[PDB]
Amino acid sequence: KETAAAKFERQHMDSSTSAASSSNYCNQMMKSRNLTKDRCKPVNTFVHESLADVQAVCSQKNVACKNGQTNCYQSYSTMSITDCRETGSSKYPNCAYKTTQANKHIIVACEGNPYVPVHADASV
């Protein structure tokens, strides 16, 4: 089994690129990060910042999570991110995604020791 921290890293970290400069970015990333196995993950965000920068959010602005829990944090600064969302033409195993690059504040849920991100709770 994958640890919560490791899963967050695989699903949401992409520090190798400063931004998604192609419409095929999501199709490639969703496939390579294994998010289209057995089924197409409907929505998923990738953050283009260092892992250290994202982990640091766990000690930044404490905010409520969508579910009401209180272990969520909002990044003080905006970050380069790419949102991936299935398109109408998407049909597993032939998943299709729209790539939307943007700069926004990320919101993550943190847990453990070390206290690190374990869930992506949107972005502002």
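Residues numbered from 1 in each chain as written, not as in the entry; some residues may be left out. Heavy atoms only, no water.

S.K.: I would appreciate a short explanation of the pattern of salt bridges in the present structure.
M.R.: If charged atoms from side chains of opposite charge come close, those side chains can pair. Applying the stated criterion across every chain yields a total of 2 salt bridges. In this structure, the salt-bridge partner of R10 is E2, at a minimum N-O distance of 2.8 Å. Judged by its relative accessible area of 23%, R10 falls in the partly exposed class. Taking the shortest distance from any N to any O, the salt bridge between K104 and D83 comes out at 3.6 Å. Of this pair, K104 sits in strand β5 (residues 97–104) while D83 sits in strand β4 (residues 79–86), placing them 21 residues apart in sequence. (Salt bridge = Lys/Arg side-chain N within 4 Å of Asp/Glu carboxyl O. Buried < 20%, exposed > 50% of the residue type's maximum accessible area, 1.4 Å probe, protein only. Helix = DSSP H or I, 4+ residues; strand = E, 2+ residues; numbered from the N terminus.)

S.K.: I tried to follow the state of the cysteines on my own but got confused; where do I start?
M.R.: Linking two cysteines covalently through their sulfur atoms gives a disulfide. Taken as a whole, this structure holds 4 disulfides when the rule is applied. With a sulfur-sulfur separation of 2.0 Å, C58 is cross-linked through a disulfide to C110. Because the torsion about its S-S bond is -85°, the bridge between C58 and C110 counts as left-handed. You can see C58 sitting in the loop between α3 (51–55) and β2 (61–63) and its partner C110 sitting in strand β6 (residues 106–111), a full 52 residues away along the chain. Disulfide connectivity for the protein, with bonded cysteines indexed by sequence position, reads 1-6, 2-7, 3-8, 4-5. (Disulfide = S-S within 2.5 Å.)

S.K.: Quick question: what am I supposed to make of the sheet that holds β6 here?
M.R.: Strand pairing in a sheet relies on backbone hydrogen bonds, with the paired strands running either antiparallel or parallel. The strand order across the open sheet built from 4 strands is β2-β3-β6-β7, with neighbouring strands paired in antiparallel fashion. Strands with a single pairing partner mark the edges of an open sheet, and in this sheet they are β2 and β7 (116–123). The sheet shows a mean angle of 35° between the axes of neighbouring strands, taken without regard to direction. In terms of strand pairing, strand β3 (residues 72–74) meets β6 through 3 bridges, oriented antiparallel. Residue pairing for β6: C72 is matched across the bridge by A109. The strands that helix α1 (residues 4–12) touches are β6 and β7; relative to β7, the one it contacts most, it runs at about 45°. (Pairing = 2+ DSSP bridges. Axes fitted to C-alpha atoms, helices over the stretch in contact; angles between N-to-C directions. Contact = heavy atoms within 4.5 Å.)

S.K.: Explanation requested: the sheet that holds β5 in the structure shown.
M.R.: Read from one edge to the other, the open sheet built from 3 strands follows the order β1-β4-β5, with strand pairing classed as antiparallel. At either end of the open sheet lies a strand with only one pairing partner, and these are β1 (43–47) and β5. Going from strand to strand, the sheet's axes swing by 20° on average, the running direction of each strand aside. Where β1 lies against β4, 5 bridges are found, and the strand directions are antiparallel.

S.K.: Would you take a moment to explain the layout of surface pockets for this structure?
M.R.: Considering only enclosed or pocket space, the largest pocket measures out at about 460 Å³ in volume. Lining the largest pocket are 20 residues, and of these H12, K41, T45, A120 and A122 lie nearest its centre. Those elements that place two or more of their residues in the lining of the largest pocket are α1, β1, β4, β6 and β7. The residue makeup of the lining of the largest pocket, split by class, is 9 nonpolar, 6 polar and 5 charged. (1 Å grid on protein atoms, 1.4 Å probe; cavity = no way out; pocket = protein on both sides within 12 Å on 5 of 7 lines; lining within 4 Å. Points joined across faces, edges and corners; volume = space filled by probe spheres on them. Nonpolar A, V, L, I, M, F, W, Y, C, P; charged D, E, K, R; others polar.)

S.K.: I'm lost on the environment of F46 in this one. Help?
M.R.: Relative to the elements of secondary structure, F46 occurs in strand β1. Overall, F46 belongs to the buried group, its relative accessible area being 0%.

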